[PDB]
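1. When you get a sec, could you give me coordinates for this:
(5 chains)
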Amino acid sequence: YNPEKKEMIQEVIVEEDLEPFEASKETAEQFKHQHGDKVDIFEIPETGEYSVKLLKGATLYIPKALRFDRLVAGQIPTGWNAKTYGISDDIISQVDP
Amino acid sequence: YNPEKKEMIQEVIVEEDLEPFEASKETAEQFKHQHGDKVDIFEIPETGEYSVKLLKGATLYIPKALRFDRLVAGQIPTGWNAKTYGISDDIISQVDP
Amino acid sequence: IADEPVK
Amino acid sequence: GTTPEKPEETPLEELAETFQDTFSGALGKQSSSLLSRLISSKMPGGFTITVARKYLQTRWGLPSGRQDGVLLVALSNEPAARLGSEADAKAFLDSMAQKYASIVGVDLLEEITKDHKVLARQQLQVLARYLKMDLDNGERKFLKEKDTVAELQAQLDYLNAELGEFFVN
Amino acid sequence: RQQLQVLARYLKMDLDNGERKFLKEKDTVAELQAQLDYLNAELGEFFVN
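-> Numbering: from 1, shown residues only, chains lettered A, B, ... in the order given. Provided below are the atomic coordinates:
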């Protein structure tokens, strides 16, 4: 988390056909399910995988950044580690901080 | 919410330069802040607004759909309305369902 | 190389 | 596909025994989803499961089912971030095929035209664009008929299931 | 315009590099111009000149 460079996506409509990209069959189908008239997916007969071409009219999410005002917090001392108090790695993973 | 067509975005890397799109100055700057080397933004001298060109290497979020297993819930009868129990529109807005 | 299936 | 009777108790070497009887070279449904997910989020821009096999075969000489082992070993060692260089992705596939090498026990110009043809293909596209002509419409319509065919073919199949050859014929 | 772009692509030539470099110098200029402005603010015309 960087207050100075805060990640967010914006919605945009693609104004002209994107260039096709390779994708799995399962994945290409998830796209077509979403976009319908606004995407073409076709099997590449040799590999078994599909090409995904977003047509004009489709919806795209293009990441952008935001500068935020709150730059300071009262944080647990740097290097604190539930591991050193003796907590098992399995718990560390499984659990929320 | 449609269990049959559940909305999600996937991350993809743009393999070749996207075609430029128009954007506000504030907005184009939020993009450049995010992408840096991987986006070009330039002022269109006549309008005051900027063109945003995503270069190859950039990150994109492309929406897709997922079919989900849970199709049935016990829902408040269709047409229920806090308005008819007598709740002010201001509260309706302001508050969580 | 001699093509093996997955075990 | 085949669930043994005590999956939760029958030990792993003893489950691999039971599963080996009925399976052969099948990368499986759940594993095929996991490898294309590993290729999508962790491999650098453009590096397909397609490209990753043509590298495993060109530079490390691996056939169909042997590169299936190298992808499964890379799935257990999946990067916690997307690799940056295509050379970083190449170096990753290298060490993954040598961890497969000692787990299986085995040790280890047209491209100029390719750059030009790309160019022409694009000159085509942009031209088609100008022409407002849909190059893919054939395959659209085709795929739709192909569907309605297995559909009809289906009902016919059933009617034959019920009435039999002699009756239908 | 598109026939241009795709051609440039093939040629691997950056059409926008001029404006990049230009915009960067334009920055370093208001930057220097700034310090100079200040030094003049402090010392005055007569002294600086």
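2. For burial, what's the neighbour tally of residue D:27?
-> Residue D:27 has 16 neighbours, counted by other CB atoms under 10 Å in any protein chain shown. C-betas here are computed from N, CA, C, even on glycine.
3. show me what contacts it?
-> By CB atoms under 8 Å, 6 or more residues apart in numbering or on different chains, the contact list for residue D:27 reads C:6, D:35, D:68.
4. Tell me the residue of chain D that sits nearest chain A?
-> Nearest residue of chain D to chain A, counting by CB to the nearest CB: residue D:36, 3.8 Å away.
5. Just the element for that residue, please.
-> Assigned by DSSP states H and E, residue D:36 belongs to helix D:29-42.
6. and that helix, is it in reach of chain B?
-> Yes - using CB under 8 Å from any CB of the partner chain, helix D:29-42 reaches chain B at D:40, D:41.
7. from the chain's centre, how far out does that helix sit?
-> Computed by CA atoms, centre = their mean, to the nearest Å, the chain-centroid distance of helix D:29-42 equals 9 Å.
8. Okay, angle between the helix or strand following it and helix D:29-42 too, please.
-> Following helix D:29-42 in sequence order, the next helix or strand is helix D:49-58 (DSSP H and E). For helix D:49-58 against helix D:29-42, the angle by axes from the mean of the first three to the mean of the last three CA atoms, to 10 degrees is 90 degrees.
9. need the helices for the chain, in chain order.
-> In the absence of a named chain, chain A is used. For chain A, helices defined by DSSP state H occupy the ranges A:25-35, A:89-94.
10. you looked at the wrong chain, it should be chain D
-> Under DSSP H, chain D gives helices at D:12-22, D:29-42, D:49-58, D:67-76, D:86-104, D:110-131, D:137-163, D:165-168.
11. taking the ones you listed together, which one is wrapped up most tightly?
-> Most buried of the helices of chain D by mean neighbour count (mean count of other CB atoms under 10 Å in any protein chain shown) is helix D:67-76; its value is a mean of 21.
12. just to revisit the earlier point, nearest approach to chain D belongs to which of the helices of chain A?
-> Counting by CB to the nearest CB, chain D lies closest to helix A:25-35 out of the helices of chain A; the figure is 6.1 Å.
13. Mind listing what's buried along the closest one?
-> For helix A:25-35, a neighbour-count test (16 or more other CB atoms under 10 Å in any protein chain shown) marks A:27, A:28, A:29, A:30, A:31, A:32, A:33, A:34, A:35 as buried.
14. Spatially nearest residue to the third one (excluding sequence neighbours)?
-> Pointing back at residue A:29 there. Spatial nearest neighbour of residue A:29, chain neighbours left out: residue A:41 (7.2 Å); criterion: CB to CB, 6 or more residues apart in numbering or on different chains.
15. Same question for the fifth one.
-> Counting by CB to CB, 6+ apart, residue A:31 lies nearest to residue B:64, which is 4.7 Å off, once chain neighbours are set aside.
16. Could you give the bridge partners of that neighbour?
-> residue B:8 (DSSP bridges).
17. That one: what's it in contact with?
-> Taking CB under 8 Å, 6+ apart as the test, what residue B:64 contacts is A:27, A:30, A:31, A:33, A:34, B:8, B:9, B:10.
18. So what's the residue count around the last one?
-> Residues near residue B:10, counting by other CB under 10 Å, number 17.
19. do you know how far it is from chain C?
-> The gap separating residue B:10 from chain C is 27 Å, by CB to the nearest CB, to the nearest Å.
20. is it true that residue A:23 touches residue A:53?
-> No - using CB atoms under 8 Å, residue A:23 is not in contact with residue A:53; the gap is 10.3 Å.
21. Is stretch D:135-147 in proximity to chain A?
-> Yes - applying CB under 8 Å from any CB, one finds stretch D:135-147 touching chain A at D:136, D:139, D:140.
22. Check stretch D:106-115 too.
-> No - on the criterion CB under 8 Å from any CB, stretch D:106-115 is out of touch with chain A, staying 15.8 Å away.
23. quick one: is that stretch near chain C?
-> Yes - counting by CB under 8 Å from any CB, contacts between stretch D:106-115 and chain C involve residue D:106.
24. And the contacts of that stretch?
-> With contacts defined as CB under 8 Å, 6+ apart, stretch D:106-115 is touched by C:1, D:60, D:61, D:97, D:98, D:101, E:10.
25. again, 7 Å this time
-> D:60, D:98, D:101 (CB atoms under 7 Å, 6 or more residues apart in numbering or on different chains).
26. One more: stretch A:43-62?
-> Contacts with stretch A:43-62, where a contact means CB under 7 Å, 6+ apart, come from A:9-18, A:20-25, A:28, A:31, A:35, A:38-42, B:9, B:60-63, D:50.
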